[PDB]
Each structure stands twice: as structure tokens, then as C-alpha cells.
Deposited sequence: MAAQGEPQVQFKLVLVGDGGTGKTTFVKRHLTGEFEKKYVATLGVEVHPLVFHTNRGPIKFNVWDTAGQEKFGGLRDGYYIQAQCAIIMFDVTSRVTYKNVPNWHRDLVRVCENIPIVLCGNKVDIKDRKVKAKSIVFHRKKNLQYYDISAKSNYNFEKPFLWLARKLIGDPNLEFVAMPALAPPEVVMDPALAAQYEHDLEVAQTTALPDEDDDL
């Protein structure tokens, strides 16, 4: 049970950061623009079984657009991303939406306003209305603070499986298992690890 998800939006809105947070749990602080698209399998465990998203993380910068709307062919769902600290990224939301629905005429789409963790918010909630006439689900999200970061996938999963009561459930936790030829190896890796300070030491966790 696999579903193709295309993720579109302006460059720098955090599309790749959002995907990596779901893939590995990390938060990539650097902006390394995507070249064309990066496909990643993403699996969630639900009370209706596991659902697998094949995420097509497309490129936002025009100079790296690649096949552009060619990536949308046969997509079964999508996420449109913008940045609530950049008004131009919300102004371009109708452009991404137009290009998307011209290829995929009837798929569930989530509109996501990323980076709500930033204090100086530029796109105010009262100004975000584009999703209404287009029947998109909207969420404030932050890949940095993980605010609502699961909501877009939960909503898409409910629409794709067709069960509004679908929920995420905990994976079955197997029993974990139980040489001095590598003792000096792990000690060297631990020495450098203790001398590299953990990031974001002023955060709550």
C-alpha cells in the first residue's frame, strides 16, 4: 500500500528539512537547495496497517527546477509549502497550485505554512485564505519545533485510506540483543563526541 506524494513550494520554505525530520528525526540547520527532486520512502504505522508515502521532494528554485511539473505525473497526494516569515512564498502559492492541479486534477492537497516557530511572523493567519476555495487542508507547522509536523501526513493518510478515524500507533518494540578489538575505536569516537558541544543548549529539551 504505497502512495506518491509530491511536495512543492518556493526555495527555502523548508520542504527538505520537513522531510528529513520525518525520515531521521534530525533538523538540518543549513540550506542546501534540492536539484530537481529527491525521492524518499516514508512509512507510518496506523491502526489500519502501515502506510508508505513515496515522497517526491521537488526543487523550489527556478534554476534547479529540473522536470518541474513532470514530477507531478501520477501523484496521489501533495503538500504545498510556504514560509510564514516570507510574504513572497505565500504570494507564489497559487502558482504552485495551478501547476500542480493541471497535472493532478483530483488529489488531496495540504497547504502548509512553515517556520511558525519564528517570532517575527510576516504572513498573518488572517491573510491565509487561499485554501478555502481550493478545498485544501491548511496547517501551521514548524519543522524546527515539530509543531503540527505529523498533521499533514495524518490527514492525507485519512483521505487516502478513506477512514477518518485512522490514527498513528506505536511500532512493536522487539527485544534488543546483547569485543576488545574495537575498544580503542569506540573510545576515539567517544572522545571527539564529548568535545563537540550539543546544538541548541538553550532549548527546553
Tell me, which runs of residues in the deposited sequence have no coordinates at all? 1-8, 187-189
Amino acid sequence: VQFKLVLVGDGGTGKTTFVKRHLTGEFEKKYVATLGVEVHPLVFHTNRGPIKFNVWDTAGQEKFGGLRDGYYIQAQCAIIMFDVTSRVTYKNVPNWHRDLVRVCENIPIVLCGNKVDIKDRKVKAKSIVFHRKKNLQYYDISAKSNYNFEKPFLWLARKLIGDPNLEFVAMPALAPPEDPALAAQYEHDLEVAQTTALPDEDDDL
From here on, numbers count along this sequence of modelled residues.
Averaging CA B factors per stretch from the PDB record, which one is higher: 129-137 or 69-77? 69-77
Tell me which stretch, 191-199 or 15-23, has the higher mean Cα B-factor listed in the entry. 191-199
Maximum C-alpha temperature factor per the entry, among 151, 144, 48, 158, belongs to which one? 48
Among the candidates 55, 33, 175, 43, give the one with the maximum CA B-factor reported in the record. 175
Residue 117: CA temperature factor from the record, placed by chain third, in the middle
Split the chain's modelled residues into thirds by Cα B-factor; residue 7 lands in the lowest
